[PDB]
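Here my numbering is used: the first residue of the sequence shown is 3, the next is one more, and so on.
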Amino acid sequence: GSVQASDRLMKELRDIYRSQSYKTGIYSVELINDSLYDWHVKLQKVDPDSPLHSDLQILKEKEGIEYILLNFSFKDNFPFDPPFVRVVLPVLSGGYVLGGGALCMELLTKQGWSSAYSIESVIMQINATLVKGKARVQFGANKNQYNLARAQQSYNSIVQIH
């Protein structure tokens with residue numbers, strides 16, 4: 003990585019760990035492999051009135067899982083380039099989620115990303131936008147259709163037409 007990226011990523015984590023949204027358990031953050039550049043982020047409280055909330059209760063009954071697990075991956079040039087954010091599980095339809103689990107949200111593109119955004123704000127926006135876009139769980143869905151490679155391929159396809 004880089005000193006600039008790492009400095010910023012540590013500041014983001016620190017801000018998250020002191021934030022109210024984190025304190026009240028809306029979402030969780032953990033590093034993967036102790037890498038500042040790779041994070042588990044679980045969306046744990048989605049709009050309780052949404053069908054997504056209802057679907058996650060069914061999933062909890064089925065699989066013990068009542069959350070959406072996201073993966074955030076950062077590059078050397080962060081915060082000038084956005085994090086790459088993708089869904090790990092469960093498989094979703096709608097909600098601005100693409101094949102492979104990429105997210106098609108303007109804040110995450112080169113057009114919409116600003117270093118003015120905290121990572122806390124990014125996590126909360128994603129939560130709101132899944133609900134706004136009517137995300138639903140795909141219950142019959144092939145496990146392992148989501149991974150970095152396939153998410154990158156979808157995101158690359160969008161840049162060609164966006």
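C-beta: ideal position from N, C-alpha, C; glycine also.
The Cβ atoms of residue 86 and residue 75 sit closer than 8 Å to each other. Spanning the alpha carbons of residue 25 and residue 157 requires a straight line of approximately 32 Å.
With a 10 Å radius around the Cβ and a threshold of 16 neighbouring Cβ atoms, residue 35 comes out exposed. Bounds of any alpha helix (DSSP H) do not take in residue 42; it lies within the beta strand (DSSP E) bounded by 37 to 45. Assigned with DSSP and collapsed to three states, residue 158 falls in helix. Residue 108: not part of any beta strand (DSSP E); DSSP gives it neither H nor E. Rounded to whole angstroms, the separation of the alpha carbons of residue 57 and residue 134 is 15 Å.
In the DSSP assignment, the residues bridged to residue 73 are 42, 88. Burial is judged here by how many other beta carbons sit within 10 angstroms of a residue's own beta carbon; residue 161 has fewer than 16 and is exposed.
Residue 37 and residue 31 have their alpha carbons spaced roughly 12 Å apart.
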